[PDB]
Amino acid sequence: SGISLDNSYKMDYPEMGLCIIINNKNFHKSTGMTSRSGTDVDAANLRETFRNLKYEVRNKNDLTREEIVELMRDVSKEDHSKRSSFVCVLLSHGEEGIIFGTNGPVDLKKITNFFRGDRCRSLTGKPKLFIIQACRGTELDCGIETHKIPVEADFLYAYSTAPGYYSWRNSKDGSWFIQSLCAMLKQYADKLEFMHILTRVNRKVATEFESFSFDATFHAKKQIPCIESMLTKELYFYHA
């Protein structure tokens, strides 16, 4: 055969893979956490968007910390041999390195470790994408007027916000990040490599959104998403 190159992940397996969407809206009163109005818009938008990309979407709502772990554990024990990749979207409250279950926090590392190259052999060498809409702290951006592989390899963390910062969600239109992500995926999934699509998402969130609040502390704030890539190849959602 002619000359071959291996710069992009093989995405022509029989199935694109699973897209797990965890949507936490209602939290146990004892946690003292507010409901996340608008998150359902995000969940439906993501379901439709990934359905169009040919992913097997599974939506889960209001899962406890224990349920999140067991779900991730069970999913990682499935046979992904015939799947090209894996996607997990987390919509909830959070802080740096933490996602919140309805009854308490969950370490992100605990969730992702189940998919390590040595713990999920059917996903070894395949892109594992974690999309996270949740706060990573309490900082506010005031803006300015213009043959072995690593077990941590092949992971991509698409964070809605910069390390240490709050993440914004509109109770009517949904989160800034998820709204933008779905829009960019719908428009460029057939045209651009994933990192370039995410860069477009960064630009959209950074330029088209600004908070409005009667509280001066939270008014006129900006946001920049954060792409954290440990991928080893280019990722295209199309093939052939």
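Numbers follow the displayed sequence, beginning with 1.
According to the record, 10 or more deposited residues between residue 146 and residue 147 are left without atomic coordinates. Looking at mean Cα B-factors across 151 to 159 and 97 to 105, the upper value is held by 97 to 105.
Per the PDB record, of the two stretches 196 to 204 and 66 to 74, 66 to 74 carries the greater mean B-factor over its C-alpha atoms.
Within the group 136, 83, 128, 110, the record's highest C-alpha temperature factor is found at 110. Highest CA B-factor among the listed residues (213, 49, 180, 31): 31. In the PDB entry, a CA B factor belonging to the middle third of its chain's modelled residues is recorded for residue 10.
For residue 124, the recorded CA B-factor ranks within the lowest third of the chain. Only modelled residues enter the ranking. When the modelled residues of the chain are ordered by C-alpha B-factor, residue 188 sits in the highest third. Placement of the Cα temperature factor of residue 88 within the chain: lowest third of the modelled residues, per the deposited record. Ranked within its chain, residue 142 lands in the highest third, by CA B factor from the PDB record.
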